[PDB]
Number of protein chains: 2
Amino acid sequence: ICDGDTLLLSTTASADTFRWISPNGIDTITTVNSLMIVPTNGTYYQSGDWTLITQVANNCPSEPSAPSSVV
Amino acid sequence: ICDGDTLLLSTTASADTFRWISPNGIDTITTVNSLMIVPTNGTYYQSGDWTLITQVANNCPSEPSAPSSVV
């Protein structure tokens, strides 16, 4: 990703509480299978290994996804 | 596979419910030991590691096949 390119993290899962976990340790939560990270966002527009934990119509988290590398 | 080349995934198994699993996490089901993926199919015409789970005259899935890499 170049410095001016929006970072889009996404999944194949249908779920609630899709919690995207940043390489810095920042846990951000959405309702859709996508997280849009704006290039000016200094805490999420990072590069490294990202993971995802989700829930489906319940309060039980998914097994975390294998981390994936963002460049 | 070049961009204009049809992707054909196939097996040696005789089975029912041959479920082909895409690298994106998309589970598609056929009745024959073959899956034809058209070059314009943006969700299945991917490259990566694919696996297969099958059933034989029953409701019990096979042990998943070793993933194979599509280029």
Item checked: Selection from segment B:1-46 of residues that are away from chain A (no Cβ under 14 Å), without any contact (Cβ under 8 Å) to a residue 12 or more places away in the chain and under 21 Å from A:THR12 (Cα atoms) -> B:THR40, B:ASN41
Item checked: Hey, A:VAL71 within 21 Å of B:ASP27 (Cα to Cα) and loosely packed, with under 15 Cβ neighbours inside 10 Å or not -> no
Item checked: Filter result (assigned to a loop (DSSP other than H, G, I, E, B) and more than 13 Å from B:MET36 (Cα to Cα)) within segment B:1-18 -> B:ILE1, B:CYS2, B:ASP3, B:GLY4, B:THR12, B:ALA13, B:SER14, B:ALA15
Next item on the list: Give segment B:6-22 a look and list any residue that's among the β-branched types (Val, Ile, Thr) and loosely packed, with under 12 Cβ neighbours inside 10 Å, or say none.
Entry: B:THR6, B:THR12
Next item on the list: Could you pull out the residue among A:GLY42, A:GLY25 that is within 12 Å of the chain's Cα centre (by Cα), farther than 21 Å from B:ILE26 by Cβ and surrounded by fewer than 12 Cβ atoms within 10 Å (Cβ to Cβ)?
Entry: A:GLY25
Next item on the list: Just need a number here: residues in segment B:20-58 that are among the small types (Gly, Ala, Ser) and part of a strand (DSSP E or B).
Entry: 2
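With ideal geometry, Cβ positions are generated from the backbone for all residues, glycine too; neighbour counts draw on all protein chains shown. Readers should treat all values here as calculations from the given coordinates under stated rules, not as data from a laboratory.
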